[PDB]
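If you count by the deposited numbering, then the sequence shown holds residues 21 to 217, 226 to 261, 273 to 305, 315 to 366, 371 to 415, 421 to 793, one letter each, in order.
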Amino acid sequence: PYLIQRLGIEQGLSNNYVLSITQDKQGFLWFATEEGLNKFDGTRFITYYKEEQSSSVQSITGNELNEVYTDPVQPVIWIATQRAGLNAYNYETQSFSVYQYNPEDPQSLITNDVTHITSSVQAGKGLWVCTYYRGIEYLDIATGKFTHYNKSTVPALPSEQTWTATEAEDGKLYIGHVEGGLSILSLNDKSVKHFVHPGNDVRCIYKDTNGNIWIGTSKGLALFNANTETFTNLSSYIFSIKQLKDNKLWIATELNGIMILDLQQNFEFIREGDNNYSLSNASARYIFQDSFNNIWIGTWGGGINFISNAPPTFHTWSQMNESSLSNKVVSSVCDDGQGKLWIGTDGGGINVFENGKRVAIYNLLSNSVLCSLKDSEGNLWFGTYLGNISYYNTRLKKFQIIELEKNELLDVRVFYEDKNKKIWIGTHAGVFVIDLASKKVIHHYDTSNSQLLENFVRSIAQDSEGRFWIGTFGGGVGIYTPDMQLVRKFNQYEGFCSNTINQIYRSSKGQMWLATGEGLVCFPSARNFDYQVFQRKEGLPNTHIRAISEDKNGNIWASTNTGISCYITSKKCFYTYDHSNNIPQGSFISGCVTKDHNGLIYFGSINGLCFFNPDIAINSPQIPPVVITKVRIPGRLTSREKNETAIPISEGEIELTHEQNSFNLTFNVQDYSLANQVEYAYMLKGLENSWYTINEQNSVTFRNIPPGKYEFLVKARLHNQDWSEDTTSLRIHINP
Numbered sequence: 021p022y023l024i025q026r027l028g029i030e031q032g033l034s035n036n037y038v039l040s041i042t043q044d045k046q047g048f049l050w051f052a053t054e055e056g057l058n059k060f061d062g063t064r065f066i067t068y069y070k071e072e073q074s075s076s077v078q079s080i081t082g083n084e085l086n087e088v089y090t091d092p093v094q095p096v097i098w099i100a101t102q103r104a105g106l107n108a109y110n111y112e113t114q115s116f117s118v119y120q121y122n123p124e125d126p127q128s129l130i131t132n133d134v135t136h137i138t139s140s141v142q143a144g145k146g147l148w149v150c151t152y153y154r155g156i157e158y159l160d161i162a163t164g165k166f167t168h169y170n171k172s173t174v175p176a177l178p179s180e181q182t183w184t185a186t187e188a189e190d191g192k193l194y195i196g197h198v199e200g201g202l203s204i205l206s207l208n209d210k211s212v213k214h215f216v217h226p227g228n229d230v231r232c233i234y235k236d237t238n239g240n241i242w243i244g245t246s247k248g249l250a251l252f253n254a255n256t257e258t259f260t261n273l274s275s276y277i278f279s280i281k282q283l284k285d286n287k288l289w290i291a292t293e294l295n296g297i298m299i300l301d302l303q304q305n315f316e317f318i319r320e321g322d323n324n325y326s327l328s329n330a331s332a333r334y335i336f337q338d339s340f341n342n343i344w345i346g347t348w349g350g351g352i353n354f355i356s357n358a359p360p361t362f363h364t365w366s371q372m373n374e375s376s377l378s379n380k381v382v383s384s385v386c387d388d389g390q391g392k393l394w395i396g397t398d399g400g401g402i403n404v405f406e407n408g409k410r411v412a413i414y415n421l422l423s424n425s426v427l428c429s430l431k432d433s434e435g436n437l438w439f440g441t442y443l444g445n446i447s448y449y450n451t452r453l454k455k456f457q458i459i460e461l462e463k464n465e466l467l468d469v470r471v472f473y474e475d476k477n478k479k480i481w482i483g484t485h486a487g488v489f490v491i492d493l494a495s496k497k498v499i500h501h502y503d504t505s506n507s508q509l510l511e512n513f514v515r516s517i518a519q520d521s522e523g524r525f526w527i528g529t530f531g532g533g534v535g536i537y538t539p540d541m542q543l544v545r546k547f548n549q550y551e552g553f554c555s556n557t558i559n560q561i562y563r564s565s566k567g568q569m570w571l572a573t574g575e576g577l578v579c580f581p582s583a584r585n586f587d588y589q590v591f592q593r594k595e596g597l598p599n600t601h602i603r604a605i606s607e608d609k610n611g612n613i614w615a616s617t618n619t620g621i622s623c624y625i626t627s628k629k630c631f632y633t634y635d636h637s638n639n640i641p642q643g644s645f646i647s648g649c650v651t652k653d654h655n656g657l658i659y660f661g662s663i664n665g666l667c668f669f670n671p672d673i674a675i676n677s678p679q680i681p682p683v684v685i686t687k688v689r690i691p692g693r694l695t696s697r698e699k700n701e702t703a704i705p706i707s708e709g710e711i712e713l714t715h716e717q718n719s720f721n722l723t724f725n726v727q728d729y730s731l732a733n734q735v736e737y738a739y740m741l742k743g744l745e746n747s748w749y750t751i752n753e754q755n756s757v758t759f760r761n762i763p764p765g766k767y768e769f770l771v772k773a774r775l776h777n778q779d780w781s782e783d784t785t786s787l788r789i790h791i792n793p
């Protein structure tokens with residue numbers, strides 16, 4: 021159901037025990053961990069740690085953090101440390117301010133273990149700060165001074181240990197106590213309605237955008253209305280609840296990862321595991337949705353998990373799942389015109405699928426299903442390895458159907474039905490033509506009794522003039538008239554690109570397409586025998602074509618050794634797709650393709666049955682803006698100083714000294730979905746007035762640049778699109 025990308029140390033994250041997440045007003049995501057503050061730039065994390073001997077710089081005041089929180093109004097990330105007070109990072113000015121306990125006030129913070137932060141009703145007028153030990157603090161950001169709510173000042177309180185607190189009602193403050201149950205405080209009254217037992229350790233209070241009061245406790249989630257003062261209620276620890284754009288309730292549990300309560304049920317889980325569609329740990333801590341709608345997950349041990357805002361365009365079927377293939381390699385697929393797919397495997401039997409669910413497996422003689430055909434009468438033909446035809450009649454039975462005498466065992470690998478209800482059958486032993494209407498066999502062509510070129514038939518298909526194009530193993534293809542007069546043939550040493558021709562395809566436009574060992578070949582008109590070979594040089598890696606289909610429009614799609622590629626007949630060019638787009642990380646199996654009654658296309662591979670749409674629409678992914686995230690001078694080897702100085706970009710420009718005339722700018726794209734699949738190009742006006750690409754990297758380092766004014770321009774683009782007109786710029790002045 022979901023595709024879950026992972027992020028931790030490999031990406032630079034300081035710690036894998038992630039507890040809180042937000043996004044600053046300039047798009048960057050901040051992560052609070054059990055050791056360090058991390059700001060993710062787009063590819064890599066920047067960690068913030070407590071400073072030591074440096075009563076010079078000021079940083080966070082303690083490494084163990086509880087929460088991060090974006091000020092509604094100001095360019096500030098508020099940081100709740102668990103043992104050192106409240107911290108506040110202004111990302112605009114880039115400096116840390118601190119709020120600690122001071123016995124010399126004490127209109128200062130009462131105790132410096134902060135567990136939660138939220139803004140007041142009219143935002144940025146103040147913020148609420150919960151403590152573990154000594155009650156709730158209210159900071160007036162105007163004065164910079166705390167008012168204390170605890171049982172020294174509100175004797176009506178049942179407890180001063182607090183996890184969260186929010187003004188769920190205008191001037192009613194809802195408090196979750198540390199194993200105390202929840203309290204409601206009317207501020208205008210200083211009276212308390214306190215509930216005990226839901227579960228008693230109340231860890232989260234959440235107001236739905238619809239005004240529903242959700243509550244996360246140690247004994248499960250409960251819905252609340254102060255309307256009637258009653259709860260309503273699999274019952275494990277809950278850490279945070281957020282309703283997403285989906286209008287779905289996403290809840291972070293201690294043992295079962297994530298649950299989702301879909302508000303159009305008038315539950316569903318994402319647990320821990322080790323795969324594309326599972327969490328990296330059983331205890332999820334925090335959930336956060338992007339400005340881009342990406343879902344980010346804080347995991348108590350297993351770093352960050354990330355779910356992209358848009359679904360994968362490509363899918364793959366492959371201890372038994374609902375949709376688990378009973379073998380890892382798919383060698384044939386076949387659509388009966390009734391809504392099921394019979395998937396043939398090279399190890400299991402046939403897995404029949406309907407609506408993404410295995411509905412039957414098949415014991421059939423030999424369980425290496427290498428080819429399949431739906432006949433015009435609507436029955437099904439599967440050829441196996443060293444097993445004859447296993448014929449499935451849609452009168453529920455399946456009979457075996459022999460070929461050679463003493464019922465000899467044949468290596469069948471292609472079935473072709475012609476305009477005339479004959480089925481042509483490619484064998485290692487030549488061709489057999491079997492009459493559909495009645496008698497089971499007409500012809501058997503070979504090296505000895507016909508003009509057939511080789512016996513090892515692999516691939517057979519029909520002309521718009523009705524000639525039979527028969528392909529072989531290692532012998533190319535030959536065109537035969539229906540009486541098996543050789544019309545013309547195509548060899549490697551005759552002139553053709555390849556001898557291993559893998560599939561022959563008549564497109565609906567009437568042209569013939571061949572998947573060869575080294576090119577996708579097209580004969581634009583069967584009144585000619587002219588042909589075009591598409592290879593490396595014309596926008597197609599890799600060159601070894603396995604299977605072909607065609608979409609709603611003109612375009613023909615091909616499976617290859619590396620990916621899936623698409624020939625846009627409109628534009629006269631290629632779209633390539635690769636593991637980057639969620640494709641099975643194998644090579645694809647030759648000829649193994651089928652289409653949906655809905656237009657969906659399926660290619661088989663050594664890694665599952667992969668399937669997709671007409672989401673070349675991938676042009677609609679808008680060109681994403683480039684953000685320049687860091688400039689730093691690369692350090693001289695002199696070997697006395699770590700951390701090589703970073704120059705801050707102020708007014709969209711940068712002043713460097715003569716000394717710092719070498720500099721390296723890094724750039725990112727803020728949507729992490731698109732990180733996977735963006736190429737960058739730069740131009741440095743004032744040095745060279747021309748565009749350069751840069752492969753697999755997001756930083757450029759210029760060295761020993763002469764004094765002057767320059768301007769760095771950098772633009773991105775996605776996998777299948779042209780370079781944008783739009784650029785992002787940085788003006789650069791080098792002094793002497």
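Beta carbons are placed, not taken as given, at the ideal position from N, Cα and C, and that holds for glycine.
Considering residue i, what are the terminal residues of the beta strand (DSSP E) in which it resides?
i	result
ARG603	Counting along the chain, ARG603 falls outside any beta strand (DSSP E), and DSSP gives it neither H nor E.
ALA615	613-616
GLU316	316-318
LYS210	From DSSP, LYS210 is part of no beta strand (DSSP E); its letter is neither H nor E.
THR258	258-260
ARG103	Counting along the chain, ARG103 falls outside any beta strand (DSSP E), and DSSP gives it neither H nor E.
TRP748	745-751
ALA185	182-189
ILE621	621-625
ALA773	765-775
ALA291	287-292
Spatial neighbours of residue i within its chain, please: C-beta separation below 6 Å, excluding the five flanking residues on both sides.
i	result
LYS281	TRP289 and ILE335
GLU293	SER275, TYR276 and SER331
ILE646	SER383, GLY661 and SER662
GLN717	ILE690
In the DSSP assignment, what are the bridge partners of residue i?
i	result
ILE335	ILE345
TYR562	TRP570
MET541	For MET541, which the question treats as bridged, DSSP gives no partner whatsoever.
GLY535	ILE527 and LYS546
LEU393	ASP387 and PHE405
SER40	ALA52
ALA703	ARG689
residue 310	The chain lacks the residues between 305 and 315, and residue 310 is one of those with no coordinates.
Considering only residues of the same chain and omitting the five flanking positions on each side of residue i, which have a CB-CB separation below 8 Å?
i	result
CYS554	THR573, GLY574, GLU575, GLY576, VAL578, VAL590 and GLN592
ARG64	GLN31 and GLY32
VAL149	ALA100, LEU106, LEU129, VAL134, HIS136, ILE137, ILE156, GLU157, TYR158, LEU159 and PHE166
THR42	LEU49, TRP50, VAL88, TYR89, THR90, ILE97 and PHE336
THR714	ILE791 and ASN792
Using three-state DSSP, classify residue i as helix, strand or coil.
i	result
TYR68	strand
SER279	strand
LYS594	helix
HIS636	helix
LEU694	coil
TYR729	helix
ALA412	strand
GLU30	helix
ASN353	strand
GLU474	strand
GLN717	helix
Going by beta carbon distance, what residues of the same chain come within less than 7 Å of residue i, once the five residues before and after it are set aside?
i	result
residue 265	Structure remark: the chain lacks residues between 261 and 273, so residue 265 is without coordinates.
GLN181	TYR152, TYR153, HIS197, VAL198 and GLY200
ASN415	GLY401
Mind reading off the beta-carbon distance from residue i to residue j? Whole number of angstroms is fine, and I expect it under 8 Å.
i	j	result
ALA185	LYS235	Incorrect: roughly 12 Å between the Cβ atoms, too far for contact.
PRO691	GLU701	6 Å
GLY396	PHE456	Rounded, the Cβ-Cβ distance is 17 Å, inconsistent with contact.
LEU193	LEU202	Not really, about 11 Å apart at Cβ, beyond 8 Å.
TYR448	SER425	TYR448 to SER425, Cβ: 17 Å. No contact.
With 8 Å as the threshold, decide whether the Cβ of residue i is near any Cβ in chain C.
i	result
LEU666	Of the protein chains in this structure there is only one, and it is not chain C.
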